[PDB]
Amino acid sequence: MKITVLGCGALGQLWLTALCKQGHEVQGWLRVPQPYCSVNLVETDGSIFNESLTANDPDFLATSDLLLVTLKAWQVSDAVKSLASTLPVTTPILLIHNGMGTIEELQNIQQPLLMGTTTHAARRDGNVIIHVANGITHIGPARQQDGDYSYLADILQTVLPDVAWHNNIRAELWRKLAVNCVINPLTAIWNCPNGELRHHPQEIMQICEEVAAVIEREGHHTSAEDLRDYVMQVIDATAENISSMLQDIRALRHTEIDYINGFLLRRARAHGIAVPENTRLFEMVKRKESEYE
């Protein structure tokens, strides 16, 4: 299948590497256009894939069977909208990122729009990406109008195992957002690894109560307790890790907060729910960003 990968960072390079290993015809698509993109990936078994692939070829884009998007959340929608008039109108666009709120920015996309999450882990080490862990990628329809693109799950399963189609992708994204709304800003603010959060059960529950209330109003069934339990399982499995938001903070990079607690606050406002803890986290992180930027 012919694929354009938008965003040639850790995840994009993972997918590019994996797609080439199965013989799919690919290109990259970069922010700062160049004719080629550098893929340097170390697989879980130590094998090395170092390759220069086509990038930013608009004719290639115009005849792609899939636009795979692996940008950070705040990068996604402007970059997609700018390619959308080139991409065939029948060609699916698959978004894989953390956070939510990009789909709301992409309501007028005429292409089929698919949302994805993944538990694979890929980490930048200089100009090398390392595939740290294998995992599971779920994809589904981004919007109410988006139809059955399960065939893509079947293809991508053979590229980067495991991939599954989920019609209820949105509910899954909301649960992952709950976890993200706890772990990312608290670790960012406290400058601590994820496991330190277990010494704050009350604050964790409070955030979980706010998010559960938004989730219920959105039509997905969950409870504060269930969200809390899922948070603790993620903290337990990542206790020693530095969160992606804390990494951003420490590297003086823009964070995904407008698509994590920020999104949660936009949906809270639209259902008139008060979310004072989430608000504090969002504002605290925005202030930390303004200390650089």
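Quick note: we count residues from 1 along the sequence shown, nothing fancier.
**Student:** On average, are the C-alpha B-factors higher in 220-228 or in 28-36?
**Tutor:** According to the PDB entry, the answer is 220-228.
**Student:** Can you tell me which stretch has the higher mean Cα B-factor, 233-241 or 60-68?
**Tutor:** Stretch with the higher mean C-alpha B-factor: 233-241.
**Student:** For the C-alpha B-factor as written in the entry, point me to the maximum among 215, 156, 139, 183.
**Tutor:** Of the candidates given, the C-alpha B-factor peaks at 215.
**Student:** According to the deposited entry, which of 114, 177, 128, 79 has the largest Cα B-factor?
**Tutor:** Answer, based on the entry's C-alpha B-factors: 128.
**Student:** If you rank the chain by CA B-factor, which third does residue 187 end up in: lowest, middle or highest?
**Tutor:** For residue 187, the deposited C-alpha B-factor lands in the middle third.
**Student:** Check where residue 10 lands among this chain's C-alpha B-factors and tell me if it's the lowest, middle or highest third.
**Tutor:** Middle third by C-alpha B-factor.
**Student:** Using the temperature factors of the C-alpha atoms in this entry, rank residue 16 within its chain: lowest, middle or highest third.
**Tutor:** CA B-factor rank for residue 16: lowest third.
**Student:** Would you check the entry's CA temperature factor for residue 209 and let me know if it's in the chain's lowest, middle or highest third?
**Tutor:** It falls in the top third of the chain.
**Student:** For the chain shown, is the CA B-factor of residue 257 in the lowest, middle or highest third of its modelled residues?
**Tutor:** Within its chain, residue 257 is a middle-third residue by C-alpha B-factor, going by the deposited values.
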